[PDB]
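# Quick one, what's the 3D model for this:
(5 chains, ligands or ions: 8)
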Amino acid sequence: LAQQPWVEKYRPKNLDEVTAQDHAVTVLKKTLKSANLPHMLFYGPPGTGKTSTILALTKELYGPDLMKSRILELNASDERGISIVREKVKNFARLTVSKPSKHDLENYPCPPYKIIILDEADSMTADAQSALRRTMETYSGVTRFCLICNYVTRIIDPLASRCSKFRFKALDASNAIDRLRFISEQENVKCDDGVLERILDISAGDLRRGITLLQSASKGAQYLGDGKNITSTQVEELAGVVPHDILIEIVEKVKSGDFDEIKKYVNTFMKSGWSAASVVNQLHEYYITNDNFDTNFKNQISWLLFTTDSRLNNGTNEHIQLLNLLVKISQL
Amino acid sequence: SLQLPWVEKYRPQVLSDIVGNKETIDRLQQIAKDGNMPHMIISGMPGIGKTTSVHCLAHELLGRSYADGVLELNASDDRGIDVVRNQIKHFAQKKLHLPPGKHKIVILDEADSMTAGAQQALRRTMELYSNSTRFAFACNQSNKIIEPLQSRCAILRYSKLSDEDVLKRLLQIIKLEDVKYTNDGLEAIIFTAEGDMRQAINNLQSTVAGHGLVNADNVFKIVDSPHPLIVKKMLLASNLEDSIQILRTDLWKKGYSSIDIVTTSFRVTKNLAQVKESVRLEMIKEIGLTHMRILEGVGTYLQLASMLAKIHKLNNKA
Amino acid sequence: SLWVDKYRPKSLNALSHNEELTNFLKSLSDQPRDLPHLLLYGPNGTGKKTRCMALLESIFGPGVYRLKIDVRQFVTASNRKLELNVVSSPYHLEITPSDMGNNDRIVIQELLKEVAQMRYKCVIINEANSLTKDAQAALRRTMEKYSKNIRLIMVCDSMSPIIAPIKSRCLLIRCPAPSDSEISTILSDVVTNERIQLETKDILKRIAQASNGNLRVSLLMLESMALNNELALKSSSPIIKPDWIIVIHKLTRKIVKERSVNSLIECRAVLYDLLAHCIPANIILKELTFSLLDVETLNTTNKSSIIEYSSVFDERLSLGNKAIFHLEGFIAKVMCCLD
Amino acid sequence: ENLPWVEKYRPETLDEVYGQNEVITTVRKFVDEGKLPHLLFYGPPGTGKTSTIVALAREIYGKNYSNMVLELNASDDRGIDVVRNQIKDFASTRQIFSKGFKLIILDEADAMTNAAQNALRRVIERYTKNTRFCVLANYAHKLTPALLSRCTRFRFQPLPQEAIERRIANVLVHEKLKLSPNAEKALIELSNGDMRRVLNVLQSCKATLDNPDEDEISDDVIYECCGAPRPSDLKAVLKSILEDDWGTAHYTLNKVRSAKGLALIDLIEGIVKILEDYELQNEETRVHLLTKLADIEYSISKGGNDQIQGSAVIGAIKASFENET
Amino acid sequence: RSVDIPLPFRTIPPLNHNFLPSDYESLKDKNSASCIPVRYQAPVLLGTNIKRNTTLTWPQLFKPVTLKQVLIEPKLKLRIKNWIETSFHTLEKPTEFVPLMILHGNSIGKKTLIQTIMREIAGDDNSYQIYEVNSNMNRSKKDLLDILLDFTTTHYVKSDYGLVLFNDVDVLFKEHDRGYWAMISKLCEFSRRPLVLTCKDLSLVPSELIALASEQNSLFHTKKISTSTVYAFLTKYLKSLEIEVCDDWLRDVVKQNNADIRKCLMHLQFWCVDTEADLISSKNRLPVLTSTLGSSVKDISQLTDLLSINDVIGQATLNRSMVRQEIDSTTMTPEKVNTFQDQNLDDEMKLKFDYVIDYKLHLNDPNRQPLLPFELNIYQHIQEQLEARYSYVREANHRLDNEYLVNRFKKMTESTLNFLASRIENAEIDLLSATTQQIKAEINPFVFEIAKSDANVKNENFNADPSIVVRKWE
Ligand SMILES: Nc1ncnc2c1ncn2[C@@H]1O[C@H](COP(=O)(O)OP(=O)(O)OP(O)(O)=S)[C@@H](O)[C@H]1O
Ligand SMILES: Nc1ncnc2c1ncn2[C@@H]1O[C@H](COP(=O)(O)OP(=O)(O)OP(O)(O)=S)[C@@H](O)[C@H]1O
Ligand SMILES: Nc1ncnc2c1ncn2[C@@H]1O[C@H](COP(=O)(O)OP(=O)(O)OP(O)(O)=S)[C@@H](O)[C@H]1O
Ligand SMILES: Nc1ncnc2c1ncn2[C@@H]1O[C@H](COP(=O)(O)OP(=O)(O)OP(O)(O)=S)[C@@H](O)[C@H]1O
Ligand SMILES: Nc1ncnc2c1ncn2[C@@H]1O[C@H](COP(=O)(O)OP(=O)(O)O)[C@@H](O)[C@H]1O
Ligand SMILES: [Mg+2]
Ligand SMILES: [Mg+2]
Ligand SMILES: [Mg+2]
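Residues are numbered from 1 along each chain as shown, chains lettered A, B, ... in the order given. Ligands and ions are numbered 1, 2, ... in the order given. Shown next is the structure:
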């Protein structure tokens, strides 16, 4: 109530207010003034402004009071393709438009069709090739269904045929930095030089992750009570990133080549608590990007890191996997 | 109009005509001759002749009293708790005068689809009225019938029909139907049957109706499955490019899904003999890994290509 | 009963080592209005569950330690009696995924729905790493849909198998292993409350170095050595290691000295004896590998092969049902390499 | 009128069902002979199974088709109970009819449960004399052998280009559209034997045109309307991996994936398909490339970090094609 | 852009498939080595026994006639017999005795025992009147309360040796058998005849009835009888019929039917008819199995790696079916529990989907369903091929299980808790809160160390009773 996560507290309420993404907001305002959209799909990195954009379209389309009744976000969730999604969709088709508001008239076209939001519903245990095709044909004039997706790997061409596919472009670092700095200024987040760039670097363009990390860092800074500017080390610790000093020690040890030294260092490093997956990712960043290594070395280390990461993802012991990876890199 | 299928036109009306499982069929014949039919659960794969065995046993046991002494309940009929508590119990309590030793038969075909509570209610019904009626189940899977029901019946596990019995009855049908047969065609019919006798009869009927003379090529035209020789050439080719071309053209572009290709490859490899047993088992392991990856969700063309590459490595090397 | 239980810090102030984490948890409990979903990760025996329990006590009260056992029985498709001990409390609930195998999704969602049926109730999840991907997705759905009434605190020894969304919607808290001095201080406190007659303080340091940053192992070794010598620890007093570790050492010795099929049959019998005593195969493989790597008659190439086969067979163990096959295959490959 | 081209260009008779010819010839022989056994039309979606059965049912049953044919769909909210109820009520009624052989078209039977399939087999066996079933499915491995043995299976293959292009010519002239040869080739190679996809993409391309009267549709229009990797993009990624530096290859891969919204699985599959056309001097190159890329795809399906997977793809291709050199 | 790949184009040769019948002849299935059905002798029927030419089932033909022939331990037989006589004598007097017996357990003669006791008490079959309430009828309050009250209140028209037996008191439907336990309680209040309850488990019986029966020492457990006595009884039964059989096949019959006298008797009723056909394979013999050494360690390494990969394949594919298997309607699924929780449904709808009352929730995964028999299973083929040439694979298939190593874990934890509590409750909850892996790896072995240390000093002469934990790990 009094507290609100900054991910949803600073969500763009106006459609045109959505930062950057002109190619989407312009066409979307045209479609909104068209008083009817076809069922549309957007693709981009999760957290680039998909849900914010669709909610803002509904904001400038329907009324705020009409909102929580007309929109049912039956997304990839407790709701099941037909067990609940289809049942609730048809029971909502049994429901008509509620009382028209005041400012809603003329200002908010409030088209009769309803909007149903399904975020990443392709990742569901129900494969509805035509279970919702029939329900958006029988209820085309009284509802529409909008979907959220990551890539252009669309599953079924039916139910995804008449789609105005909007490419939510990757959010540029400048505008993302501007938005995060604006949020920090509103929330009086005392940060020195380098916090926001580091947050964007770990979040890799994900503003949602960036905003949550900034909120967590601010909460930790208030917890300490020092009142000092947040450091990049705290942000790194709040995300699981191994410190660069440890990674440099790791690469020096694997340059040394001795099996015993590497084994002892890995034994002492497993007690620190830093995960092996972050070590593998930062080793990839240090080795593939570096221009001081031959093409053969990078080619071999790519497969080595890939195998290590694939084994680590399958729930295996981190000690053995990291020791094997570091030894194999040493033999390279 | 319609022509009677050879599956139905040449259905055994007596227990002696039924081939396969000689011991069980002979014992069922002896039971039908003498009487005192025990409760039985005939189980096994599809198409080996379970329902035919039950119906022939009931007919031979009863005779003219078959109409009023046998109650058949398939999955199409309702077999709920109410049905078991009323209809089956009233049939068991019915007073029918039969020759001594003979008993009324309650044929519950496809008992694996019956609900558990109906099976529990059937247990007391069969235990109480066993002096007048005897029950006979017929399920594809024997584990779907509750242990209380299985402890009051003689479980019959029919086995897959061997090549010899299928060949014998097929020769009988070909001889009474004036069918031109070739050794390769009949061998193809056995191979596509895989112990399913109904499948063998249907394939023979389809081949005769469509392409007349039963050659192996004619049999492999009405099975709508990957051609075993094509799959064998794909797996056993010494050039990987040729195997990839075969998989792309004759299998992937023709609409054969990954499951059918994997099944045909596994069957061919299991039937392969020129390669060693260790090589056979290792290729079978690669096919199993590919089938596993398909079951997880990764059933793309690249997985089958990698399977072919591994099989090529295993064949050319080692 | 055990000193690992009686001398368990039951308050945030009672926490001795990792003072930064203690301050962070105290500040988190300073406002009990909002607990973000916590993912406490680190080495085993580092006080992760102790700190979670202390934080829950500080928010609610000393009741969070009054635990009741509610046994839940479930039946799957193949009719197996899936029996679970669901440790509950008037304020919190505790569950453990591994105790239900592959089927850890339906049971987890049923228990979480039962919790949500009735400010908030915190659900503690031990070994969140062992959760399958579908169960982790169900947890991700729960953390967003059931955020108002359920706060999931997950304790895992490794966060790497956890999916990205769960990490993204959780406060990642790391628990580093206590240093040798901190373990020695804790053991000295246990000693001075239990009146242990040491001849010197070096014994505690030896215990700490033998336990390798594991507080539970160090405390149990203290208790065992104290009760063996009747509260009379000495320099000559050997470190009490569990029997399975000694059996693994003997197995490694046999593997190094005897490379034969009959030796492999004997190794299989030893593995069967170890697994029959309810010892998880992952730990058995870990100790076997790290004891084979410490053999002083082996060069670099053999040890690299040992670590490679250990990684491969650990991955196979994580994805397999019968562990004896994986362990025997690892032993056979090791013996083939050692030739 | 205001209808999708899917329903507008439906085959109203058996002569308009292109591509599948063996099935149509057998069905025409069936109707001419009068022997119509239980049919099972299965294959990839959009091959023309429903079109075939609808055309045949209309051709046999004239005007009474509305009452003599019941079209079911097991995927709906009925379950075994209501589905069985409807089938037995339609099959055992023997309503006032001109002739007989009431036809039941059960669509999406691969979603029917095992008990439901056995019950359907029993119902088919009981009411064979008056009711003929033409159970429809998409995959034959999801159907029980009991149902598979009571029906004459008729596999549908993906339509051949010669047909897809004929229906292209038919729809284009009637709807007054222009397809450039490269765009037509792209649509034909992108449909993969799916006429429904062709019609949907064609209608979307019509709607896309600023003046949908004489504006020719280009290759890029179809490749962006369908949402598929362009051959140029995959070829550029492949050549950057093959002949450029590791940093440049990584930059090109990331840029293409971000700009085209292309997942790594599609990139791997397209690279494999393109490299199939090209010849390799060695064979270990092909073996290692296929095996490593399949392993990468399998690991991608389970999950991980995409940067390491992309680096693994680049390294696998580079190592495989340095083996040949 | 063209962006040409630096690779020459490939001209694909045109593939043709002209297969000679010689290649078709190679499709013949090679003779399988894994399959090995070994037959037994035909049964040798001796003489013309009147029992052989019977019209009743063999389990009922050999129905017990006294209390000596029932397959139950004599102690419990005597206890039940004395309880029934005492109940008859007490209820004869005007009436602290609630007539109730719970005859729980997993034995077979849980109903013929009561009938034989009645036959012995009355001396005649017609005298005793046992009213069996079986599951084949509707055991609901509004259908049976009046009938049972009238039966247990007045005298039968004919010593009134009357009894009510509730067979299968564990399987009860939620709506069909409504108010059943209320009926049992009301009968217990207003009965003058004994009330026997039989079940396979005691969990379904309400705790009130359990406590009431345990107070009167009327809770009797039927333990399963060892296979030796079942085998001896079967040999005597076949001697009565004068049928020769090899003792190996009879041993196999006893073993495979879980020592069930009724199941074994039905199996012998089938497989002992006067026919020349050979007997069932029963325990399948070894498929020319040679568990050899394997010579070089490389071969056994390959075999073990193949075994590990096959185990991975089995774990990955043995529970992923492609055909959507259905969920049983008469099961206590959570959806069914919540459905009956809603009061919108009337009595008629609840009759359609009535579920059997249970204490264990029946959860199911619609996606991860077990493989059907007709689906492809390469894991089974690899397992049967490897077992046919290596016996230790077949041994490993059953050396360890899932119920095993978990019940052992439970017993080990119980012993550890007992040893800890015997210190010269808090553990019961906190150690349980400690993760199962931690108890398996660290707590239990160290508790064993402490137990063996305290057992050492006891032999020399801070905890007592250490021999149990010493025995558990041994
Ligand atoms: N263009 C943007 N301008 C301002 N804030 C943004 C923008 N894009 C994202 N955000 C912030 O990030 C949050 C999530 O953005 P969205 O992408 O709309 O949500 P989302 O699609 O649900 O994210 P995922 O896919 O579930 S991780 C918003 O609530 C904002 O706080
Ligand atoms: N051993 C056999 N000898 C002769 N005909 C057989 C034999 N087995 C099967 N058939 C024929 O094949 C068909 C099998 O029919 P059923 O016995 O009903 O099949 P099933 O064994 O019950 O398996 P289902 O129907 O899948 S549960 C009949 O037409 C039989 O005539
Ligand atoms: N062989 C064909 N000849 C002509 N039009 C075809 C052919 N195959 C498909 N089509 C067209 O493509 C669409 C396919 O419609 P349907 O036949 O209903 O789909 P289907 O082949 O039954 O597959 P689904 O996805 O399981 S409904 C229709 O618009 C048809 O006009
Ligand atoms: N020596 C014996 N002792 C006991 N029962 C015997 C003996 N010989 C044969 N039987 C048969 O074993 C069966 C035991 O009685 P049942 O009523 O069928 O079983 P039950 O008591 O209901 O227990 P269940 O079946 O596990 S619920 C009867 O059919 C008896 O004829
Ligand atoms: N701050 C601390 N001070 C003293 N002892 C501690 C502290 N933290 C943990 N311990 C010891 O650790 C034991 C519990 O470890 P636990 O938290 O269960 O390990 P894990 O987190 O690996 O499950 C207790 O017996 C307690 O004595
Ligand atoms: Mg979203
Ligand atoms: Mg049948
Ligand atoms: Mg259709």
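# Work out for me the element residue 26 sits within.
No chain specified, so I'll use chain A. helix A:22-33 (DSSP states H and E).
# wait, I meant chain C there
Secondary structure (DSSP H and E) places residue C:26 in helix C:19-30.
# Could you count how many residues lie near residue 300?
If you meant another chain, say so; for now it's chain A. Other residues lying near residue A:300 total 17 when counted by other C-beta atoms under 10 Å in any protein chain shown. Every C-beta, even on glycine, is put in place using the N, C-alpha and C of the backbone.
# other chain: chain D
Count around residue D:300 with other C-beta under 10 Å applied: 20.
# next one: residue E:285
11.
# just the one 10 residues further on next, same as before
Using other C-beta under 10 Å, the number of residues around residue E:295 comes to 9.
# residues contacting it?
Contacts of residue E:295 were listed using C-beta atoms under 8 Å, 6 or more residues apart in numbering or on different chains, and they are residue C:261.
# Not counting its neighbours along the chain, what's nearest residue E:119?
Computed as C-beta to C-beta, 6 or more residues apart in numbering or on different chains, the closest residue to residue E:119 that is not its neighbour in sequence is residue E:125, at 6.3 Å.
# Could you see whether chain D lies near the helix or strand just after the helix holding residue A:26?
For helix A:22-33, the following helix or strand on the C-terminal side (DSSP H and E) is strand A:42-43. Yes: against chain D, strand A:42-43 shows contacts by C-beta under 8 Å from any C-beta of the partner chain at residue A:43.
# helices and strands around strand A:42-43, which ones?
strand A:166-167 (3 or more C-beta pairs under 8 Å, 6 or more residues apart in numbering or on different chains; DSSP states H and E).
# What is the strand it packs on packed up against?
helix A:22-33, strand A:42-43.
# Which residues of the stretch 151-300 of chain D lie near ligand 3?
Residues of the stretch 151-300 of chain D found near ligand 3 (C-beta under 6 Å from any ligand atom) are D:159, D:167, D:195-196, D:199.
# Quick check: which of the helices and strands packed on strand A:166-167 is buried the most?
Using mean count of other C-beta atoms under 10 Å in any protein chain shown, the stretch among the helices and strands packed on strand A:166-167 with the largest mean neighbour count is strand A:42-43, at a mean of 24.
# near ligand 1, anything from the helix or strand following that strand?
Following strand A:42-43 in sequence order, the next helix or strand is helix A:51-61 (DSSP H and E). Yes: interface with ligand 1: helix A:51-61 contributes A:51-52 (C-beta under 6 Å from any ligand atom).
# Can you name the residue of the stretch 1-150 of chain E nearest ligand 5?
residue E:106 (39.6 Å; C-beta to the nearest ligand atom).
# The nearest residue to that residue once chain neighbours are set aside: neighbouring residues, count only.
If the residues on either side of it in the chain are set aside, residue E:106 comes closest to residue E:224, at 5.2 Å by C-beta to C-beta, 6+ apart. Other residues lying near residue E:224 total 14 when counted by other C-beta under 10 Å.
# Tell me how far residue E:224 lies from ligand 6.
According to C-beta to the ion, to the nearest Å, residue E:224 and ligand 6 sit 57 Å apart.
# ok but that residue is inside a helix, no?
No: remark: residue E:224 does not belong to a helix; assigned using DSSP: H, G, I helix; E, B strand; the rest coil, it is coil.
# which bits of the stretch 101-250 of chain A sit near ligand 6?
Neighbours of ligand 6 within the stretch 101-250 of chain A, by C-beta under 5 Å from the ion: residue A:119.
# quick check, distance from the helix holding residue A:26 to the centre of its chain.
Relative to its chain's centre, helix A:22-33 lies at 23 Å (C-alpha atoms, centre = their mean, to the nearest Å).
# Would you map the strands across the stretch 151-300 of chain C?
Secondary structure of the stretch 151-300 of chain C (DSSP state E, counting those that start in this stretch): strands located at C:171-174.
# Quick check: the residue of the stretch 151-300 of chain B found nearest chain C vs ligand 5, distance?
The minimum distance from the stretch 151-300 of chain B to chain C, using C-beta to the nearest C-beta, falls at residue B:292 (10.2 Å). According to C-beta to the nearest ligand atom, to the nearest Å, residue B:292 stands 35 Å off from ligand 5.
# For residue B:80, give me its contacts.
Applying C-beta under 8 Å, 6+ apart to residue B:80 gives the contacts B:115, B:118.
# Grab the longest helix from chain C for me.
Looking across chain C with DSSP state H, the single longest helix is helix C:300-318.
# So for it, what gets flagged as buried?
C:302-318 (16 or more other C-beta atoms under 10 Å in any protein chain shown).
# by contact count, what packs against it?
In terms of contacts (3+ C-beta pairs under 8 Å, 6+ apart), helix C:300-318 is packed against helix A:259-270, helix A:295-313, helix A:318-331, helix C:281-292, helix C:323-338, helix E:297-317.
# and of the ones you listed, who's closest to chain B?
Nearest to chain B among the helices and strands packed on helix C:300-318 is helix E:297-317; the distance by C-beta to the nearest C-beta comes to 4.5 Å.
# The closest one vs chain C: in contact?
Yes: using C-beta under 8 Å from any C-beta as the criterion, contacts between helix E:297-317 and chain C involve E:297-298, E:300-301, E:304-305, E:307-309, E:311-312, E:314-316.
# Over in the stretch 201-332 of chain A, which residue gets nearest ligand 6? Let me know.
residue A:208 (8.6 Å; C-beta to the ion).
# I'd assumed residue A:45 was in contact with that residue.
No: if you go by C-beta atoms under 8 Å, residue A:208 and residue A:45 don't touch, sitting 9.8 Å apart.
# isn't there a strand covering residue B:41?
Yes: checked against three-state DSSP, residue B:41 lies within a strand.
# Might you report the residue contacts of it?
Residue B:41 neighbours (C-beta under 8 Å, 6+ apart): B:111, B:137-139, B:142, B:145, B:149-150, B:153-156.
# So which of the residues you listed are in strands?
Mapping the contacts of residue B:41 onto strands (DSSP state E) picks out B:137-139, B:154-156.
# Adding distance to ligand 4 and neighbour count, write those out as a markdown table.
Listed next are those as a markdown table, based on distance: C-beta to the nearest ligand atom, whole Å; neighbours: other C-beta atoms under 10 Å in any protein chain shown:
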| residue | distance to ligand 4 | neighbour count |
| --- | --- | --- |
| B:137 | 17 | 28 |
| B:138 | 22 | 24 |
| B:139 | 20 | 21 |
| B:154 | 14 | 22 |
| B:155 | 16 | 21 |
| B:156 | 20 | 23 |
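# Residue A:123: which of those residues is nearest?
Closest to residue A:123 out of these is residue B:139 (37.7 Å), distances taken as C-beta to C-beta.
# Nearest spatial neighbour of the most centrally placed residue in chain D, chain-adjacent residues omitted?
Residue closest to the average C-alpha location in chain D (C-alpha atoms, centre = their mean): residue D:45, at 3.7 Å. In space, residue D:45 comes closest to residue D:138 once its chain neighbours are excluded; the distance is 5.8 Å by C-beta to C-beta, 6+ apart.
# count of neighbours near the one you found?
Per other C-beta under 10 Å, the neighbour tally for residue D:138 reads 22.
# Helix or strand: which one has it?
Applying DSSP H and E, one finds residue D:138 in no helix or strand.
# wait, doesn't it sit right on residue D:42?
Yes: checked against C-beta under 8 Å, the pair residue D:138 and residue D:42 is within contact range at 6.4 Å.
# Just list the residues touching residue D:50, thanks.
The contact partners of residue D:50, by C-beta under 8 Å, 6+ apart, come to D:105, D:107, D:136.
# neighbour-wise, which of these leads?
Most neighbours among the contacts of residue D:50, by other C-beta under 10 Å: residue D:136, with 24 neighbours.
# Spit out the contact partners of the closest residue to that one other than its chain neighbours.
Closest residue to residue D:136 apart from its sequence neighbours, by C-beta to C-beta, 6+ apart: residue D:107 at 4.8 Å. The contact partners of residue D:107, by C-beta under 8 Å, 6+ apart, come to D:50, D:71-75, D:136.
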